[PDB]
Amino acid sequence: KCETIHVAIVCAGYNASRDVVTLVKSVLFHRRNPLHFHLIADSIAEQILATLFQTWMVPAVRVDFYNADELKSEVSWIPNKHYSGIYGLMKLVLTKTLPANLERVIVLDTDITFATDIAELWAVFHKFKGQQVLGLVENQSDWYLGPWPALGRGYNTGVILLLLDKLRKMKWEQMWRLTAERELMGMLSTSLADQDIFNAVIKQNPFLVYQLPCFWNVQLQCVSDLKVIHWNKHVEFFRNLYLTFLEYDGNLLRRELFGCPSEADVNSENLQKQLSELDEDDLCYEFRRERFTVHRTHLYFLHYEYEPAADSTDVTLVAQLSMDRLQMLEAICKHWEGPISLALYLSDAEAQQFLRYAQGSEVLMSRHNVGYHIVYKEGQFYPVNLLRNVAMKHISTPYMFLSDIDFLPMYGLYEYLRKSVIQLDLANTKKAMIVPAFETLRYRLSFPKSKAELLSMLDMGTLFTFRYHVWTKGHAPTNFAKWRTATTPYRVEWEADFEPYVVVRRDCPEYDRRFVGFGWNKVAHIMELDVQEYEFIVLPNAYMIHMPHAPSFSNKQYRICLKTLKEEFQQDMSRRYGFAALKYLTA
C-alpha cells in the first residue's frame, strides 16, 4: 500500500554526512513509498543532516534523530581495532533506542547504494518464518573461512533487516550481550566490530537468521539482478551509478507522489502559504518567489576543526562564491590565516567537482578552520543575501569580517583585526570596523607588503580605489585622502549608497532576502547597521585588494523590479523603525 518504510542509519562526522546524502539520493530515485529515516547520529552529523533535510523538503519523508553519543555507554565495553567501530556496535542496540511501536526496520551503512525500489527489500520481511528475526546477506569475502567464529562463510552487516517486535520478545539484549561476553573471554578484540558479534550470535543461534540473496548486498558476483551495492569489469558500470548519484540534482527529488498522502513538514506549509499570498499578475513574481525560496543546504561539507582562542577576539573571514571563483580559495588561504566561512552556491555536479579539487589541494587540506557550506542552485537569480546569511550564521568566533571572495586581504590582516577589536573596545561598544577597499585591473605577481607600497602603487595608476571608475560614491565616505596619512582609527558617518567592508560582532543584523539577484543589498545592510547606531571606524593600517574577474551571467523590467524592491525596503523600514528611517529616504 502506501505503508511507510523505516530505515535506520548510524552516521557520525562529515564524511558520513556526505555519504548518507548519496545513499538517500539512491533510495529516493527508485522509491514509490513514504520513507522514515531514523538517523543515529553524533552531534556533527545531527547538525549537518538536520539542516540538510529541513531545507531539502522531500515530500513523504520523515527524519528522526537519535543522539549517538548517549549510546556509547551501551557498547563501549566491547573493544575494537578502530575507535569508529563503536558506531558499528550501536546497531546491536537499535531495539532499545528505536520507538516501541516500530515493528520492523531496515538498517543500512553509509556506503550502501540502492539500484532498485526499496519496497522489494522491505517486502522480503514477509517471507520470514518462526524464530527468524534477522535478515542478512552472506559475507561474500572469505574472511571467516581463513578470526571470530561464524556460521559457514558468515554474514555481512552492511544491510540488516530487523523484526523489532520479535527481537524485543526474545530479549535480544541479554542474548547478544551474553554471546559477546562469552566470546570476548577468548577472542581479545573484534576486528570487524558489530559484524563479528552478529555472526557469533547467529553461530550460537542459527535459527535467528534469514539469508538474503546475494543481490541485496553486492559487496565490491552473481547488472539487472544486482540491486544494492556495498563499497569498500562490471565495476565501471556501478562506479558510474555512484558518480551519477553523487552528481544528480537533489532538487529533482522534491517530486511529490500521489496515491499516498504527503506530509509538508512545517517549512513546506509556510512556503506554500507565501507562494499563495503572492500576486501572479505582478511582473516581479520571480523576485517575490525567490524572496521565499528554500535551497538545499549542506553545512560543513568538508572536515572542520576550530581551536578555541585564548582571547574573545577571534575573527572569521566571511564570503560567498559560485564555481567560477574557485580559483580564489587558495589565494585567500595564503593571505588570511584565521578561520574562514564560505557559502558556495553550486550544482550537485559542481559540488563533487569542488570535493575533488579541495581534496587535491595541499593548502585546502592543511586548513581545518574553513567551513564550506553548500547552497544548491535553484531558480533564476543568484541569492547573494541568502548565501551571505548562511555563511555568517555558521561561524565559530565572536567577530566576523564581511568580505568578498574576490578580495585578497592584506598580509597579516587577521592578527591586525584582533589587535583592533582590542584597541577600539569592540567588546563593550557597538562598532563596525572598515577595511579600505582597493582594486587592480589585472593579476599581479608582487602583492603590496606595506601601506607604503600600496600608496606608491596607487600614485602610479597600477592600483586604484575600489569601483573608482564606476561608483566613486559607496567608498568615497571612507575618505582615502585622510586614510593615506592617518595613524589613528577615525570615525566616518553614513552617506547614501555607502557600501564599505566591515568587521562586526557576530550577532549583528542579517541581510534582507527580498533583494535577490544583483542590486542594492549591501547598501540596505549598511543602512540597517546605521539605524542601530553602529559606529563606522576606518582602520589606519588595514587594506584589501579586489582581483579582476569576468562578469557573471540587464533587462529593463529587472531594473524596474529592483527599484520597486528598493522602494518596498524603505517602506518596510519606515514602518519597522520609525522617525529614524526618514534621514535615509531624503538621500
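Sequential numbering from 1, following the sequence displayed.
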**Unmodelled stretch of the deposited sequence separating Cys222 from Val223, binned as none, 1 to 3, 4 to 9 or 10 or more** = 1 to 3
**Message:** What does the record say about the segment between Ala309 and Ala310: how many deposited residues are without coordinates (none, 1 to 3, 4 to 9, 10 or more)?
**Reply:** none
**Complete:** Per the PDB entry, mean CA B-factor is higher for 475-483 or 258-266, namely for 258-266
**Request:** Mind pulling up the entry and telling me whether 515-523 or 60-68 has the higher mean Cα temperature factor?
**Result:** 515-523
**Asked** Whose C-alpha has the highest temperature factor in the PDB entry: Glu330, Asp348, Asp196, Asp425?
**Response** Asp425
**Prompt:** Out of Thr465, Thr316, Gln320, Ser189, which residue has the highest Cα temperature factor in the PDB record?
**Reply:** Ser189
**Prompt:** Is the Cα B-factor recorded for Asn156 in the lowest, middle or highest third of its chain?
**Reply:** lowest
**Request:** Sorting the chain's modelled residues by C-alpha B-factor, tell me whether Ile5 ends up in the lowest, middle or highest third.
**Result:** middle
**Relative C-alpha B-factor of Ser396, binned into the chain's lowest, middle or highest third** = lowest
**Prompt:** Hey, what third does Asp165 fall into on Cα B-factor, ranked over its chain?
**Reply:** highest
**Request:** Give the position of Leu121 by CA B-factor within its chain, expressed as the lowest, middle or highest third.
**Result:** middle
